[PDB]
Amino acid sequence: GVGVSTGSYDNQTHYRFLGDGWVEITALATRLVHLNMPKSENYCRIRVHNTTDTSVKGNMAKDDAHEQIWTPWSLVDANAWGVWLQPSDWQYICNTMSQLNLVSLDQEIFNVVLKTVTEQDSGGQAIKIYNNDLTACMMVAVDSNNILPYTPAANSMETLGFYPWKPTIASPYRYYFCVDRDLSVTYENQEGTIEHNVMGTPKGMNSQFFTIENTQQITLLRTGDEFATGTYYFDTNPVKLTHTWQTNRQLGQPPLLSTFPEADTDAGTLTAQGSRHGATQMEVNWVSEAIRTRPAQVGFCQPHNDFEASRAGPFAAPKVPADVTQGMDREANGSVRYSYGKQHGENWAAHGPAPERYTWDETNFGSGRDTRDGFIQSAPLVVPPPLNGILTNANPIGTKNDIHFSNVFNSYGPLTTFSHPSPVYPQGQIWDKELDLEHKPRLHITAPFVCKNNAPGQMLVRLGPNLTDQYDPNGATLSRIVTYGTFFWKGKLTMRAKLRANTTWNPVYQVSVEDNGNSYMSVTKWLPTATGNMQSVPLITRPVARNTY
Amino acid sequence: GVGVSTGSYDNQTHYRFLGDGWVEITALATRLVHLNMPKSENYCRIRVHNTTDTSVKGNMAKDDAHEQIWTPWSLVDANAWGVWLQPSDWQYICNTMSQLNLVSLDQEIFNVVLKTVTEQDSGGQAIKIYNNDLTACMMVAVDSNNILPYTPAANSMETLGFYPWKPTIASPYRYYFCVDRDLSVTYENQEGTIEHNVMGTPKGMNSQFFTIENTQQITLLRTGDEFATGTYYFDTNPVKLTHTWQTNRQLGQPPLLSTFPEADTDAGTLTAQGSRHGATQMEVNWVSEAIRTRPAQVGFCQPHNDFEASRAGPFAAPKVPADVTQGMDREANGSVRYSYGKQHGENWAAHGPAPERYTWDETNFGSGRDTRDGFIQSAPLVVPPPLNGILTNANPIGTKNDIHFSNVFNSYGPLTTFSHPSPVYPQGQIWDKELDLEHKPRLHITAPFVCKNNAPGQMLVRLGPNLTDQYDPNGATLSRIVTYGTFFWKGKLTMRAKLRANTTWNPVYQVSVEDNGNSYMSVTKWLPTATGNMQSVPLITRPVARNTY
Amino acid sequence: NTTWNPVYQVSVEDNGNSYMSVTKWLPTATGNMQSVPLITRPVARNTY
Amino acid sequence: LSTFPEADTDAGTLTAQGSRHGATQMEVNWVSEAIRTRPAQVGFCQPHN
Amino acid sequence: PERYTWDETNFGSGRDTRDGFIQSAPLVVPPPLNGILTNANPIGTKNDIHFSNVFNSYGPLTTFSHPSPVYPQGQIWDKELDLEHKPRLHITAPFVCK
Amino acid sequence: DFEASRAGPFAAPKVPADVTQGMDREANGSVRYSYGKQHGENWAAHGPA
Amino acid sequence: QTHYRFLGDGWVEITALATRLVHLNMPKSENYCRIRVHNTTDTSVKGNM
DNA sequence: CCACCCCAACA
DNA sequence: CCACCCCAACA
DNA sequence: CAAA
DNA sequence: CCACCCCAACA
DNA sequence: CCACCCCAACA
DNA sequence: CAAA
DNA sequence: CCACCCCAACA
DNA sequence: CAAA
């Protein structure tokens, strides 16, 4: 029974240089995991209604009231980048390869360890002895039939360790349940009251209570037991490791230069606007670099800081990423935002239960939109636009001062384009199911790859209940022995990508590691410390042009 | 699972007498090893800067400031002689065989034991109970891809026991990391200050941080698990178990004797120097035994006690071994020097944390160079050399008294030869990689054999982390159970050598063991004691001529 | 890619004054052109 | 390393030089990081100018 | 004209001439003065003329990297001196037809 | 030169090389021979020279 | 042009080309000359070696 | 899976 | 079941 | 040993 | 031994 | 009837 | 050239 | 003798 | 259209 192992340990990254710059990247990782005993061996329908940030008047974007359901089952997510790659690899990848895809994924578990603890030592100070239970279990449920919801733990930064030589932990599986809410708007102090702040009883219509021990099979794993899945093949679209910058003013034949400089420090000049040949969609007589007809609408003006509503009511409305103009609208061009803990970054030697993030500002420049240059004219596009014939960024709307029109605008015409949300080395996600909606989003912001068909089945792990001498279920609270366990986990993630060309003349930007300054990109940041702490800093993947038009 | 063994125990030395004095020596050894729990399960980049031997003025040859990196991984080295042979064997070998080589090497591990200790006994005096954990691991990583550095533990006298019936220990793996230094010279008291004694921040250029749990595979060994490597074939040059003595004055046709003695006590005499037939490379008219043109330059005059510099700055500059003339320049003819502890010699019954060595003085006589007879003449090689026409060993240089010219000299002309650094029974090394430099040393001083191609892969061993009931990695310090283990280790080392001839008339020197005196070579030195202690004394291997020219 | 730590490379920075800054390469109003000798070997090799 | 730092800003320390195990090509009794026997001679000192 | 002084990368190889250093017989660490020869110790009776200017440590225990290419300018290939014996390398070019 | 060892001295050879317009004849280690009749000499000379 | 080929086993093949247009004038002399240079203006100094 | 102080009563 | 800092001395 |  | 909320990407 | 300090560059 |  | 920023819509 |  007990004695021999069940698995190996591969946290290697294998490269294969095929024919025609068709590389095959096979990443592995064997993380050792610790899983304790669920507090409850029940299913609970728990609700949260923070009436301490909900009973204010301005605190709307602070609504955290949701009706959740807890499962004694502990999940296992590895849908992250940091778990599959190293700082180097990525560098070699993003820095060399053009595009990239996602192939297979083969998860495996082995060398299961199960131990018990007996709080002893009353005839002294206090000591907890640890011994094994070579008869114990560890229910493993792999829900591929994707019957249950899809909870990408990477969501709430609840994944698997990034440091392959550091024991990590799982994420207790919990899923959403139908309730119903109604919350009204209100500013700072406003007068009167809010009126109603109601939850929602069972909507015996949208109710959807599941049970792992009902829908998915369980493979009671002991000690000498090995659980392993099959090779899940992916059917997703590639991802381009290249960034653009071709705006609308940088697409087509530049104006004809009738005059050229005569020596550095003397630019050229075009010819009489209203005498210049070309087309335009404006009824004036003079083509400009702004008027002139182009192929499409680079990037679109999305209302920033919306805030929509429904049955759980609020909720900010995302953005599809886009640079943060020379004005750093950073909140419009919906640049994101992350907050991770040690087990996913942080100065692995910091203090204060204070998270840490790194606002991601896309590269897909020439795409972004500056909100500090809005601008809209009227009928006869009179250039020297009067005032009553324009609407700038300062012109109030709704009678609210700091409330502009760019906050409502929405320019998503059948003449719109834009780049896909690029990956994010550490933290960042990988793949993500797809909303089972008749019609669907062009993309998900939450991940560069979206399986087109079913998706990987989630892998749920639980300790098996270890009982004592007593147990009459007609017992309010039942006694169980303190049982916990180790198992290793290994992962196969396969990708296949192409090798970039070199079409320019000018070198191009890359990722490097500088001396040790203070610059974001400086070793020390990565290599350990006297003791042995370790950071991971999200890096750029896409450093390199792509001549859009 | 548990019950049956996994390996044997062979610390035998097998001989095979092939056809044509082609012997095959297959040495084995099964050392039992003890490996404790790493203090840290982290990777640390530790530095040392002894500013207590560095802030002096003369103490330069005491700089011990290096930026090291510690690995939770414990290494296993057997690249020694003492581990592969006995006092007898060697005697039989070095004493009989002419030359010798190095063939295969097959390492193996088995009968893995893993136990836990529970400090108990507060209801008394204090007792630590020991029990087993038949579910525990012991990560074994064999880095052959020689990706990581090459740390011949035999370097810092950190190898495997020599006494096959005495449990030994491994060596925690640590490797060098790029820093940068600058230290200035200074004598005894000198005036002023040193100026700067600086370390070196990350040279985000020479940085090279590795991770075993990233580059090399790990074979999670349990109790009933056996890990074994393949037979590594060697591609190195043979080694001659013969010593020379043919100087430059002992290569060619001796002068013609025109007069012979008439009875013991009356030597012969040659004929008028400046009337003697022969050649010379000196413009004089009289051939001497010193002037006369020979085939080459036996041995070369290397600057002794150099002391060069660079980025970690100092460092003595080696020497290729050469006798220690009748003047025992012992420091020039770079005779070495060892310092070992019990587990590699020492009066296995001594006291005081005081090491012990044995200055090795090569045999490759007629090669060495005496620094007490230097000598250099001028243009018209006037024999009765005036003073202002010579430069002896007493003639100052640089304005420093005890600072001579022999300290700078360097006679390594395309007419130089010399013997390879001979082995050193106990202690001494065996094989050693090779500097991946476009151009390479003719030899390594540090070992008689240097694999011409890749080299054996190092074998790294670690305990697997045994966890407790608690573990939130967002935990400053994590709790782990005191876990340690035994495993045996066995070794196959194969060599093939030739049987010496007997071309002289006069017997020749050998290795023997005298009665019990006080002489270096006297039994008692080897055989145990009342109790049972044991020495190993490095012996001579090469006792026997070889007519060089 | 055997290490863990990224490693140095050659890149082209914004336009400063640093040796490695575009403008240095791309032509000029007129059309002149420099060539600046660059580094080839940016990357370790664990000697021993 | 017989002594390890306890937190960034406190390097480790080796053990008594003339008590340290290892080899050397110098006739003294205390191995250093400069004395200690290595494989070869990295780079060479050429007469400049 | 215009140039660019090439400073190899083959670090850990280079040698600092501002830390020379040579001791005598019994390698007494606290080296007296008359028992050393530093970078400031004259030679030939010339002040700014040191011993590092004459030194030559090219023992059968020497290694070093090949002169690396030099993108622009720099050479490519170069014949080989028809000498019975030949240089280990040419500084003037990374590749030397054999 | 003049080096030493166990039979002690001995000049240290030279690999041949011209004798510059200054005829260093002893540096550029030009050699040197001395033969008798049965290998040259004015097969009709005198003096054991 | 500069053509790249990604073979099997990271064995790339780089084929570089270049077609430079060249201008070549008429040699001043259609003779062979043995010319010498002896700068006795940097040679007749004392330090200028 | 014990043969004449090793491999090897060899296979 | 150790080959030249990866897959892979590949099969 | 970088090709084969 | 993971395919589109079951058996069952069935065999 | 000369091969790498023996038989023996074996046959 | 020590294996083959 | 034009195919998806190279060789090469390869042959 | 990135595989096939």
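Note that we place each Cβ from the backbone using ideal geometry, even for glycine, and neighbour counts take in every protein chain shown. Rule-based calculations on the coordinates, nothing more; no lab input.
Here are a few things to note about the model shown:
- What the pair-distance distribution of chain A shows, using all Cα-Cα distances binned every 10 Å from zero, is 3, 13, 22, 23, 19, 11, 6, 2, 1, 0, 0 percent.
- Look at the alpha carbon pairs under 8 Å that are at least 6 residues apart: their mean separation over the length of chain B gives a relative contact order of 27 percent.
- Relative contact order of segment B:22-166, pairs being alpha-carbon contacts under 8 Å that are 6 or more residues apart, as %: 27 percent
- A convex hull fitted to the Cα coordinates of segment A:408-549 yields 346 cubic angstrom per residue.
- Above-threshold pairs, the threshold being 26 Å between Cα atoms, out of C:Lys24/E:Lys98; B:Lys342/B:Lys452; B:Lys240/B:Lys433: C:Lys24/E:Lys98; B:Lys342/B:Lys452
- Hull volume in cubic angstrom per residue (convex hull over the Cα atoms of segment B:452-523): 310 Å³
- Chain C - convex hull of the alpha-carbon atoms, volume per residue in Å³: 105 Å³
- Across segment B:408-518, the mean sequence separation of Cα contacts (distance under 8 Å, 6 or more residues apart), normalised by length, yields a relative contact order of 15 percent.
- Projected over all directions and averaged, the alpha-carbon convex hull of the protein assembly as shown occupies 78.6 nm².
- Nonlocal amide H pairs with B:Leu221, under 5 Å, H built at 1.01 Å: B:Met138, B:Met139, B:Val140
- 5 angstrom amide H check on B:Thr30, placed H, neighbours 5+ away: B:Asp10, B:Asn11, B:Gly491
- The tail of the calculated P(r) for segment B:1-119, taken as Cα-Cα distances beyond 23 Å, holds 61 percent of the pairs.
- Taking amide H atoms as placed 1.01 Å from N in the peptide plane, the amide H of A:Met534 lies under 5 Å from those of A:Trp348, each 5 or more residues away in sequence or on another chain.
- Along the axis of the charge dipole computed for chain A (Cβ charges of +1 for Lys and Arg, -1 for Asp and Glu, origin at the Cα centre), the listed residues A:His439, A:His14, A:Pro172 are led at the positive end by A:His14.
- Between segment B:155-224 and segment D:2-19, the alpha-carbon center distance in angstrom: 12 Å
- Applying the Karplus relation 6.51 cos²θ - 1.76 cosθ + 1.60 with θ = phi - 60° to segment B:324-338 yields 3J(HN,Hα) values of 10, 3, 4, x, 6, 6, 3, 9, 7, 3, x, 6, 6, 3, 10 Hz, where x marks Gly and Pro.
- Scattering curve values for segment B:71-150, log₁₀ I(q)/I(0), Debye with Cα scatterers, q = 0.22, 0.25 Å⁻¹: -1.16, -1.28
- Nearby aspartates and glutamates by direct alpha-carbon distance to A:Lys128 (threshold 12 angstrom, same-chain neighbours under 8 apart not counted): A:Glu119, B:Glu119, B:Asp469
- Excluding same-chain neighbours fewer than eight residues apart, the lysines reachable from F:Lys14 by a Cα-Cα span under 25 Å are B:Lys319, E:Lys86.
- Convex hull of Cα atoms in segment A:204-326, direction-averaged projection (nm²): 19.5 nm²
- Reachable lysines from A:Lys490, criterion Cα separation under 18 angstrom, eight or more residues apart if same chain: A:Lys166
- To the nearest ten degrees, helix B:87-96 and the longest principal axis of the Cα atoms of chain B are 40 degrees apart.
- Karplus-derived 3J(HN,Hα) values for segment A:115-127, using 6.51 cos²θ - 1.76 cosθ + 1.60 with θ = phi - 60°, are 10, 10, 10, 10, 3, 10, 3, 8, x, x, 8, 1, 9 Hz; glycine and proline are entered as x.
- Gap separating the Cα centres of segment B:509-548 and segment A:264-290, nearest whole Å: 100 Å
- Hz values of 3J(HN,Hα) by residue in segment A:432-448 - Karplus curve (6.51, -1.76, 1.60), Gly and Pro given as x: 7, 2, 6, 3, 5, 9, 2, 10, 9, x, 5, 7, 10, 7, 6, 6, x
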